[PDB]
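To keep things clear, I will list the structure first and then write my remarks on it.
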Amino acid sequence: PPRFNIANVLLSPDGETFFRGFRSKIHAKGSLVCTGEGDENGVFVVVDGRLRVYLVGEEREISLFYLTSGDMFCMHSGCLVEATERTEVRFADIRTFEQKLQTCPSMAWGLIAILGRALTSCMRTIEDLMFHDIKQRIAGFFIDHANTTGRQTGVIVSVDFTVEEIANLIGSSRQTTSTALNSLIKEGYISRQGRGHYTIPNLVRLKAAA
Amino acid sequence: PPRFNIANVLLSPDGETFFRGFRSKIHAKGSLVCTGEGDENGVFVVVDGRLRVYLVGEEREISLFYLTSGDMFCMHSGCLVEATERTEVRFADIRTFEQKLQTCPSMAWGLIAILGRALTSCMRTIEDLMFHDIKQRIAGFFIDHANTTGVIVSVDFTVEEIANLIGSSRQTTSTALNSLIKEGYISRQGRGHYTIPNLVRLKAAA
Ligand code: HEM
Ligand code: HEM
């Protein structure tokens, strides 16, 4: 789904009043906006602030994504939501929201976009599990095969190998490596500056990714 | 999101023409509709048949959910899509789909529904992965803490001890453990006392 820019609808004659009537609510920092076994429900839109959406397990907490000014979310996703700041949100029950959406279909894209954000986040988390090891292995490879340049502008860790050269070395398939590596590149652990040429920003973090 | 009934839109004067213009394509059984790296892009709606949406990973596949008549989906999810039987889809490019959605907003709920279904499927898949991992943890735990005697090999630890040592919660491990029990790989003969029938089976899980 495309990303959604809510000002487009709020500034439009049609969407301008969308939230008229929505109650307002404030969440103190560190407070749980909602969690499983939740007896609450409804829909809200962040006015300002920041909320974290996640799941937990394996001694580790999986941060899915964040909610900031303009983002919409519900109280029944089975996800945990906490304020990492004092955040204000407009609130309303599902029905009211559905009514408003049908009266102003263009606002629907906000929902579409956040469902997409939530989805890819999860895919990423699933991807991190189906490849936990190959990624540490490749993080090992990059550590063991890295070489630096003179600090006199200056200082850059490099690893010049092509995905196939890498795949051959570590063993795993070429397509599996590509995903693992592409995964690591997302996390910013490894930068790609052309085919067969990479760079390692901050080697201490990559070391931590192994 | 709510469930979506596409007939509702298609039978309405406004939505009746929604797909008027989409091309048609028959996907043979076993056929791969979407490759993890297909590169081309567009949106389709299943006419009839059934498609599988899965992800590959470290020599092994995991099924997320299936598409059947009325379901819409895209060619850029990143997920692989194979047909589990002769399936017919109506496809078009993103541009065309978005244009149609613009003039027929009500059909957007179909997009919203598939996204919710995929979201839901993924959250279930994540829960499965982690539950599967904690089990192996408890599996390997029983391996490195076996009291082979008389032969009646065993393990003398309460649920809270295994949990703490495992680096998990008394509740978490407890449900993963009892799972390992129902399946006959460990037997709980009293608090803090378990026996390991067949050690190779347990050492297999790990
Ligand atoms: C029909 C079901 C659809 C599904 C389930 C879906 C799924 C996805 C997923 C999973 C992503 C993340 C890509 C990644 O893994 O990196 C995404 C991105 C994207 N999708 Fe869709 N999509 C759909 C429909 C659409 C439509 C209708 C449009 C456009 C009107 C669209 C436009 C995009 C764009 C622009 C991106 C990349 C930019 C971004 O959002 O960050 N998608 N989509
Ligand atoms: C604001 C974004 C929203 C998100 C993130 C979202 C997410 C979800 C998720 C994950 C579920 C499955 C829960 C489970 O079974 O564990 C669900 C179910 C449901 N949602 Fe939403 N939802 C949103 C908004 C809404 C809205 C606006 C409505 C009303 C139009 C709604 C109506 C429902 C209903 C009725 C169910 C049950 C449908 C089913 O089981 O397929 N949701 N939602």
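Numbering of ligands and ligand atoms starts at 1, following listing order. Side-chain atoms are counted along with the backbone in the values below, which use heavy atoms only and exclude waters and symmetry mates. Sequence lines set the chain letters: A, B, ... in the order given, protein chains first and strands last, and positions in each chain run from 1.
Compare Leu101(B), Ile112(A), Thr120(A) by their heavy atoms: the one nearest to atom 11 (C) of ligand 1 is in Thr120(A). Among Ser77(B), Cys122(A), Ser121(A), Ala113(A), the residue whose heavy atom lies nearest to atom 15 (O) of ligand 1 is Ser77(B). Nearest residue to atom 30 (C) of ligand 2 from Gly78(A), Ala108(A), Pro2(B) is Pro2(B) (criterion: closest heavy atom). Evaluated by nearest non-hydrogen atom to atom 24 (C) of ligand 1, the leading choice among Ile94(B), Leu115(A), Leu111(B), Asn41(B) is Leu111(B).
Under a 4.0 Å criterion applied to the non-hydrogen atoms of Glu98(A), ligand 2 contributes the atoms 30 (C). Atoms of ligand 2 lying under 4.0 Å from at least one heavy atom of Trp109(B), given by number and element, are 30 (C). Against a heavy-atom cut-off of under 4.0 Å, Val43(A) is close to the following atoms of ligand 2: 27 (C). Against a heavy-atom cut-off of under 4.0 Å, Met123(B) is close to the following atoms of ligand 2: 10 (C). Distances below 4.0 Å separate heavy atoms of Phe73(A) from the following atoms of ligand 2: 1 (C), 5 (C).
In terms of protein heavy atoms, atom 41 (O) of ligand 1 is closest to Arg3(A) NE, 3.3 Å.
For a distance bound of 2.8 Å, the N, O or S atoms of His76(A) include one lying that close to atom 21 (Fe) of ligand 2. For a distance bound of 2.8 Å, the N, O or S atoms of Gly116(A) include none lying that close to atom 21 (Fe) of ligand 1.
Both the sub-6.0 Å distance and the 45° axial angle are not jointly satisfied by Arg188(B) relative to the ring of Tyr194(B). Taking the ring axis of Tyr66(B) as reference, the NZ or CZ atom of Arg50(B) stays within 45° of it and closer than 6.0 Å to the ring centre.
Donor-acceptor pairing under 3.5 Å is recorded for the side chains of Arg52(A) and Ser63(A). Between the side chains of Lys29(B) and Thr84(B), no donor-acceptor pair of N or O atoms lies under 3.5 Å. A donor and an acceptor atom, one from each side chain of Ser24(A) and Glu88(A), are located under 3.5 Å apart. No hydrogens or angles considered: nothing links the side chains of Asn178(B) and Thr175(B) as a donor-acceptor pair under 3.5 Å.
At a distance under 4.0 Å, a protein heavy atom can be found next to atom 5 (C) of ligand 1. There is a protein heavy atom less than 4.0 angstrom from atom 22 (N) of ligand 1.
Atom CE of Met107(B) sits about 6.0 Å away from atom SG of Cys104(B), to the nearest 0.5 Å.
Remark: distances from the non-hydrogen atoms of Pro1(B) to ligand 2 include one below 4.0 Å. Not a single heavy atom of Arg95(A) sits under 4.0 Å from any atom of ligand 2.
Contact annotation: for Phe97(B) versus ligand 1, heavy atoms closer than 4.0 Å belong to the side chain alone. Proximity of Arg117(B) to ligand 2, defined as any heavy-atom pair under 4.0 Å, is not found for any part of the residue.
Looking only at distances, no side-chain donor or acceptor of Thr173(B) sits under 3.5 Å from a matching main-chain atom of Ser168(B). Under a 3.5 Å cut-off, the side chain of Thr35(B) and the backbone N or O of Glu37(B) do not form any donor-acceptor pair.
Checking each of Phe44(A), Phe91(A), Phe18(A) against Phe97(A) for a ring-ring contact (aromatic ring centres under 6.0 Å, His included) leaves exactly one that passes, namely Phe18(A).
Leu119(B) and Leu119(A) get closest at one heavy-atom pair: N-CD1, 3.8 Å.
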